[PDB]
Amino acid sequence: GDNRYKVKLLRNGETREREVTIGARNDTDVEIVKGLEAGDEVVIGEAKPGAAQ
Amino acid sequence: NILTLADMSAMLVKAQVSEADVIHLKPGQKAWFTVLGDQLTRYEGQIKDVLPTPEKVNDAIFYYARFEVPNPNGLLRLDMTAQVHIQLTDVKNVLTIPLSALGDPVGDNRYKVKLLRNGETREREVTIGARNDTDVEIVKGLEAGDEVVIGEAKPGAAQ
Amino acid sequence: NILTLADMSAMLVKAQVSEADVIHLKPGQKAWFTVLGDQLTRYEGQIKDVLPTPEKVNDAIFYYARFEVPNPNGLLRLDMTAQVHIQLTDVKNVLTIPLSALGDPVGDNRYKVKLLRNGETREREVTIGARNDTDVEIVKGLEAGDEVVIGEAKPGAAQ
Amino acid sequence: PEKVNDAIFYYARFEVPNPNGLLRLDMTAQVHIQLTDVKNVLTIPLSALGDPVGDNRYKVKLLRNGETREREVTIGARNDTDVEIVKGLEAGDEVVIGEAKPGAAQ
Amino acid sequence: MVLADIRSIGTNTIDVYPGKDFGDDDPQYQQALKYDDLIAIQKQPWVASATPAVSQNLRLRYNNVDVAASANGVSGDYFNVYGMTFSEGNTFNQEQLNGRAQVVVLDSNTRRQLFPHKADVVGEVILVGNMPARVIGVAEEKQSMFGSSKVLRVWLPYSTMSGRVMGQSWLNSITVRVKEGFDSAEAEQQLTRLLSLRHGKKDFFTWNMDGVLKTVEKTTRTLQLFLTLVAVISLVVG
Amino acid sequence: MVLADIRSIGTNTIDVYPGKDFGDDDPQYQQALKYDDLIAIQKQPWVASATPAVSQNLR
Amino acid sequence: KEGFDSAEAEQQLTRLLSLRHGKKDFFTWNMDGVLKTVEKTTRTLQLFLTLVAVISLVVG
Amino acid sequence: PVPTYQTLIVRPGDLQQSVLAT
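All residue numbers refer to a per-chain count from 1 along the written sequence rather than necessarily to the numbering of the entry. Residues that lack coordinates are not shown. In the order they appear in the text, chains get letters beginning with A and ligands get numbers beginning with 1. Scope of values: the displayed chains only, which are part of a larger assembly. Side-chain metrics in this entry use all non-hydrogen atoms of the structure; hydrogen atoms and water are not considered.

The name the PDB entry gives chain E is Macrolide export ATP-binding/permease protein MacB, with Escherichia coli as the organism. Listed in the archive, the entry goes by the title "Structure of the MacAB-TolC ABC-type tripartite multidrug efflux pump".

The name given to chain D in the PDB entry is Macrolide export protein MacA, with Escherichia coli as the source organism.

And the structure:
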């Protein structure tokens, strides 16, 4: 409830989570400030850490 | 009552620690807190004192404690909710056991399988009262530098 | 009400014994108590007296009693919860049956299965007067040193 | 009287002697009061009753004919075991306390 | 198997109810139900036995762990007649039911919270609400029912709960077990009249168990009838 | 027959239980439930619908 | 909708309500999955009954 | 089926009745 892991997809086609800090919890989407680069794909559905797609 | 006044330059906190832990809480121990509305913006300071008179909320007695956080910027509204982490202790040069590995026989005994220099593992009973969310503090019961079997612990069973 | 004061040189306890037991509790009977927060640190002293005026919590009347525990080191905050053991009598040289395996025909007669040297469990009727929170002081019908099948007993059942 | 939500209640007092300093104030005390005999009259078993309206009280009984017949009766007094019956039933009458049916021969 | 699960609650049970039925509030909240009422209620010969029931969730302080939990003032035949298995300890004697001992039964899960150590339960004391209570027995659930997501639950002799930590005469319900193999339909109306008597009004509100029992019995045996009959017919055809 | 009788419930309910479970009292008594929530609650596409539910007796 | 599994999303809704409210509290009871298992149960009964019947008939 | 029985060794004990109280 403090930590915030976020699985995403790499160019490798392998998913990897990154812990992130997030301030605003805007009703549609939370506002992430750190822990993820832009342009990254994000496995919003049926995500698994460390898992190739 | 025509009106009321308050000196908003130093915001005292009412940290209502439970009666179960009031026996500790020695004055001057360092502590920190944070508010729900800003999520991550830690404040910190010395604990000041403890209030002699408890006020219950039906079940369970509770005792207050106070800090003295500086208040620039004009923030911190009155009666704001504030999560509080009051330093319990700063024990050091002392081992602690990870929770996953420890075994807890009887209801006081604590077997703990460890690797030996022989390479044959052996459990040792360990006395532990202090404990954390991640670990249990072991002041005594295991010699330093002994390897410990975090998984599938087996007394008398060499790795 | 400007400000309250209190003397903490010694602490008084309000031990609220139930109305059912108040008829006993002769003054000067020795008793001890312990706080929830320190788990195991016994305090003890003489009982002083019994308050003439009861106060109730809806159902069931309760009567107070007081001690006079010394307070070194500044411990024991006001209105701290405290579990209290009051002492009834210690008749000795007499057996008491654990209640776990008692047989009580009629509610007066009292059969009790016990293992024999033969390995044959066999019951005997017994008279008992005194009863305990945990056991019952048997007066007749069973010898000391007798094996007593506390678990899953039946008459005549060799094991 | 001082009511406790439902049902009005009325007090009564004794004057018990108190040797030895026993009996603390406001102690709970179970109390038996003596009422009185209401003899020389029949009293019906509670199960036997037929109780229409909650006012009316039919009572099926067996006749010499071997046929059962009810009779409405007046009954005031009540007991944990029975109820007193001043009227509506003659003495020596059999009473179909079990599985009664009005107007029915056994 | 399934009947044993069903008849595990025996024969029978007439739990006493206030208000009107299950959904009622204030009339149900008020209870003209003395436990003393059971006396004459137990006086009826056809009855084998009948027992009081009541329950109160309350905060439970202990050492460090300090949480509220549900609790249940009940008969000592409870885990017995339910056949509920014990994690440890036993129920209690009727003598000590009259003894008002601070004995008490708890969830195994409750111990899981209270006792990371898995210390022995018996002889230990934990306050309930306020009154100290020397714990002894604890009982494992006899059902799975994991979807129930059961929370903390506790058991007391009702005499102690309703008595020396409640004091009300009006328990939540009273189980009523008939003898004789006697039918569920009959006498329940007579007990109804009985409550129309000892109380001046229509306040029985009770539910009943050989009704549902006998009907599910006929149902299951009926299934036996269909299955076995079509089977045997087919086999005769063979 | 029996299955249609059971699935007749909208596939089958996730009623809000703001307390702990069915036996709960005061924490269940206190309730932070909001129908406003149903807005974003209904936001999830799989949710064909979700509906308010409350009741009480009155004279 | 979607024919979507009850087992899923409720956990999504779990964290969801763990968010939109600051603490977990909704404590809702699971849907449909009970329908799922009872469906498997009844169809299982169909399996036992129909299979033993048909086997007996083959024996015929 | 094992006839195993939990059992104890009774001894001339001494009374420990006292009760408790919050």
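Okay, back to it.
### Brief notes about the sheet that holds strand β5 (residues 55-57) of chain C
Residue and element names in this part refer to chain C. Between any two strands, pairing holds if DSSP finds at least two bridges. Strands here are runs of E lasting at least two residues and helices are runs of H or I lasting at least four, both read from the DSSP assignment and numbered beginning at the N terminus. Strand order in the open sheet formed by 3 strands is β2-β6-β5, with antiparallel pairing between adjacent strands. For this open sheet the edge positions go to β2 (17-18) and β5, each flanked by a neighbour on one side alone. Examined bridge by bridge, β2 and strand β6 (residues 59-63) share 2 bridges and lie antiparallel to one another. By the bridge assignment for β6, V17 is matched with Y63.

### Notes on a nonpolar patch on the surface
Residue and element names in this part refer to chain E. Together, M1, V2, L3, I6 and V216 make up a nonpolar patch on the protein surface, roughly 480 Å² of accessible area in all. Ranked by residue count, the leading element in the nonpolar patch is helix α1 (residues 2-6), at 3 residues. Note on placement: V216 falls in helix α9 (residues 210-237). Any residue with relative accessible area above 30% and no salt bridge may belong to a patch, with like charges joined within 9 Å and the nonpolar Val, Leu, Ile, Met, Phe, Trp and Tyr side chains within 5 Å. Computed with the Shrake-Rupley method and a 1.4 Å probe, the accessible areas treat only the protein chains shown as cover for residues. Each reported salt bridge corresponds to a side-chain nitrogen of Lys or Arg within 4 Å of a carboxyl oxygen of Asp or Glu.

### A closer look at the interface of chain D and chain E
In this complex, chain D contributes 9 residues to the contact, which on the side of chain E involves 6 residues. Here the quantity called buried area is the accessible surface, traced with a 1.4 Å probe, that two parts lose on coming together, added over both. Counting each side, the surface lost to burial between chain D and chain E is near 730 Å², with a carbon and sulfur contribution of 38%. Across the pair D80 of chain D and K43 of chain E runs a salt bridge, and its minimum N-O distance is 3.7 Å. Here a polar contact means two N or O atoms within 3.5 Å. Within protein one must be a hydrogen donor candidate and the other an acceptor candidate, and residues neighboring in sequence count only if both atoms are side-chain atoms. Across the chain D-chain E interface, the total number found is 3 residue pairs in polar contact. Throughout, a residue-residue contact means that at least one pair of heavy atoms, one from each residue, lies within 4.5 Å.

### Thoughts on the interface of chain H and chain C
Facing 20 residues of chain H, the contacting portion of chain C comprises 37 residues. With both chains or domains summed, chain H and chain C bury close to 2600 Å², and 56% of this area falls on carbon and sulfur atoms. Considering only the side of chain H, the residues that lose the most area to chain C are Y5, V10 and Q17 of chain H, jointly responsible for 28% of the buried surface there. In terms of residue class, the side of chain H that touches chain C is built from 10 nonpolar, 8 polar and 2 charged. Of the strand pairs in this sheet, strand β13 (residues 147-148) of chain C and strand β1 (residues 8-9) of chain H are connected by 2 bridges, and their pairing is antiparallel. Across the sheet, the residue bridging to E147 of chain C is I9 of chain H, located in β1 of chain H. We call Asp, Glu, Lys and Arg charged. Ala, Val, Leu, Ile, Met, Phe, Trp, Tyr, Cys and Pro are nonpolar, and the rest, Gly among them, are polar.

### Observations regarding the environment of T160 of chain E
All names here are of chain E. Mapped onto the elements, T160 comes out in helix α7 (residues 158-164). For the pair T160 and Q113, spaced 47 residues apart in the sequence, the C-alpha separation amounts to 25 Å. Among all residues touching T160, those that are not within four sequence positions of it are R100, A101, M131 and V165.

### Here's the deal with the sheet that holds strand β3 (residues 31-35) of chain C
All names here are of chain C. With antiparallel pairing, the 3 strands of this open sheet are ordered in space as β4-β3-β8. Only two strands of the sheet have a single partner each, and these edge strands are β4 (43-45) and β8 (82-86). Across the sheet, the mean angle from the axis of one strand to that of its neighbour is 20°, orientation sign disregarded. For helices, the fitted axis covers only the stretch in contact; all axes are lines through C-alpha atoms, and the angles between them, taken along N-to-C directions, range from 0 to 180 degrees.

### Focus: helix α1 (residues 10-20) of chain G
For α1 of chain G, the complete set of buried residues consists of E10, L13, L16 and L17 of chain G. Angular distribution of buried residues about the axis of α1 of chain G spans 105°; they occupy a single face of the element. The buried label goes to any residue with under 20% of its type's maximum accessible area, the exposed label to any with over 50%, and the partly exposed label to all in between, with areas taken from a 1.4 Å probe on protein chains only. The arc in question is traced by the directions running from the helix axis to the C-beta atoms.

### Focus on the side chain of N208 of chain E
Residues and elements named next belong to chain E. Within the secondary structure layout, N208 lies in the loop between α8 (188-195) and α9. A polar atom in the side chain of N208 sits 3.5 Å from the backbone oxygen of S184. One polar contact links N208 to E188, side chain to side chain, over a distance of 3.2 Å. Not counting chain neighbours up to four residues away, the residues in contact with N208 comprise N12, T13, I14, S184 and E188.

### Re the arrangement of the chains
Most contacts, among the 13 pairs of chains that meet, fall between chains C and H. Considering only C-alpha positions, the minimal separation of the non-contacting chain A and chain C is 29 Å. Looking at chain A next to chain H, you find no contact at all, with the nearest C-alpha pair sitting 38 Å apart.

### Quick look at the pairing of strand β10 (residues 154-157) of chain E
Residue and element names in this part refer to chain E. A two-sided burial pattern is seen for β10, the buried positions comprising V154 and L156 on one face and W155 and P157 on the other. As paired strands, strand β4 (residues 72-74) and β10 are joined by 3 bridges and run parallel to one another. Residue pairing in the sheet places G73 in a bridge with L156 of β10. Strand direction decides the pairing type here: strand β6 (residues 105-106) and β10, joined by 2 bridges, are antiparallel. Directly across from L106, in β10, lies its bridge partner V154.

### Some points on the packing of aromatic side chains
Residue and element names in this part refer to chain E. Whether two aromatic rings pair depends on their centres lying within 6.5 Å, for rings of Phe, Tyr and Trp, where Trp uses its six-membered ring; planes under 30 degrees apart make the pair stacked, over 60 edge-to-face, and the rest tilted. The full count for this structure, using the stated rule, is 15 aromatic pairs over all chains. With a centroid separation of 4.5 Å and an interplanar angle of 90°, the aromatic rings of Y78 and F79 are classed as edge-to-face. With respect to class, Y78 is no different from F79; both count as buried. Members of the aromatic cluster, joined through ring pairs, are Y78, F79, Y82, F86 and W155.

### Observations regarding the nonpolar core
Here is a general trend for soluble globular proteins: nonpolar side chains tend to be buried in one another's company. All names here are of chain C. As used in this record, nonpolar core signifies buried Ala, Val, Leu, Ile, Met, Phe, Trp, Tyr and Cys residues forming a set joined through side-chain atoms within 4.5 Å. Among the nonpolar cores identified, the biggest contains 25 residues, and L25, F33, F67, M80, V84 and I86 are the most heavily contacted of them. Elements that contribute at least two residues to this core include exactly β3, β6 and β8. In this view, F33 contacts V13, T41, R42, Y43, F67, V69, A82, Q83 and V84; residues no more than four positions away in its chain are not counted.

### Some details on the pattern of salt bridges
It is possible for side chains of opposite charge to pair when their charged atoms get near one another. This structure, assessed with the given rule, holds 18 salt bridges over all chains. Residue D37 of chain E pairs with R198 of chain E through a salt bridge whose shortest N-O separation is 3.7 Å. On the criterion of sequence distance, the pair formed by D37 of chain E in helix α3 (residues 37-43) and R198 of chain E in the loop between α8 and α9 is long-range, its members being 161 residues apart. Judged by relative accessible area, which is 37%, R198 of chain E ranks as partly exposed. The network of salt bridges with shared partners includes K114, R124 and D146 of chain B.

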